[PDB]
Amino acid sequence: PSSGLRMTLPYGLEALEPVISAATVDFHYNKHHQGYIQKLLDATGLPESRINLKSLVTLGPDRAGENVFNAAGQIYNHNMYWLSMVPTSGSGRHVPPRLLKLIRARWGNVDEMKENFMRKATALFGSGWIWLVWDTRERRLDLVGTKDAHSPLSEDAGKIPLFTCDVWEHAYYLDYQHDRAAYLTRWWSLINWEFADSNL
C-alpha cells in the first residue's frame, strides 16, 4: 500500500478530527498530495503503469532529476503519513509488544520517546519530515529529521522508515498556525503503532 503512485486515502476527510481538521485533510490530500502526482507524471513523461515510486525516491535528486525526485519523494512521504495515523474508529493505537520492547530498550518508556520526538520535531528548521526509523546498521530504533522531499528511503543509509509526521507548514497551518508544537503533541495521539511495527 505504502509504495504505489496513487494511494487512496484509507479514511474519510474528517476521520482525523479534532487533531487535523477536515479542511486540512482536504487541501493536504486533494491539493498537495494529488498535485505532486500530476507533477511526477509531467516530469517523467511516463504513463502511471511505468513508474516505480520507491525506485525514483532511492535513485535520488541527482540521478533522477531534481523535479522528478521532489515530486516522487513527496508522494512516497505523503503515502507514509496517511498510513501513519489511525482514523476515528480505526485500530492501531495500541503498541504491539515487539515494537514496545524495542522502544523501551531505546528510550526507557513511551513518555521519554514522545519527549525526544517533540524536541526534534519542533526544532526541524524549514520544510521537512520526522521519521521513526529502525537503524539496521545498529539494530535499534531512532528518530530522524529529513528536509523537503528527502527520506530514510532516499538517504538509503540502512535506516528503515516506520512512521512519518509531516512537518511542512501546510500539514498544520490552517489548524494551528505558528504553533507546530500544539500540532505535534496531538499528532502523537494519532500514531498507527501497528503500522510502525509492521515496517520492522
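For every residue, the number given is its place in the sequence shown, counted from 1.
_Please compare 113-121 with 76-84 and say which has the higher mean C-alpha temperature factor in the record._
Mean B over CA atoms: larger for 113-121.
*Going by the average Cα B-factor in the PDB entry, point out whether 5-13 or 185-193 comes out higher.*
Comparing 5-13 with 185-193, the higher average CA B-factor belongs to 5-13.
*asked:* If I read the C-alpha B-factors straight from the PDB entry, which of 167, 174, 68, 46 is highest?
replied: Within the set 167, 174, 68, 46, 46 shows the top C-alpha B-factor.
*Choose from 157, 141, 149, 56 the residue with the greatest Cα B-factor as stated in the PDB record.*
Of 157, 141, 149, 56, 157 has the highest C-alpha B-factor.
*Can you tell me which third, lowest, middle or highest, the CA B-factor of residue 133 falls into for its chain?*
Lowest third - that is where residue 133 ends up once the chain's C-alpha B-factors are sorted.
_Relative C-alpha B-factor of residue 37, binned into the chain's lowest, middle or highest third_ = It falls in the middle third of the chain.
*In terms of the chain's CA B-factor thirds, is residue 162 lowest, middle or highest?*
Lowest third - that is where residue 162 ends up once the chain's C-alpha B-factors are sorted.
*Once the chain's modelled residues are ordered by C-alpha B factor and cut into thirds, is residue 31 in the lowest, middle or highest one?*
Tercile = middle for this residue's CA B-factor.
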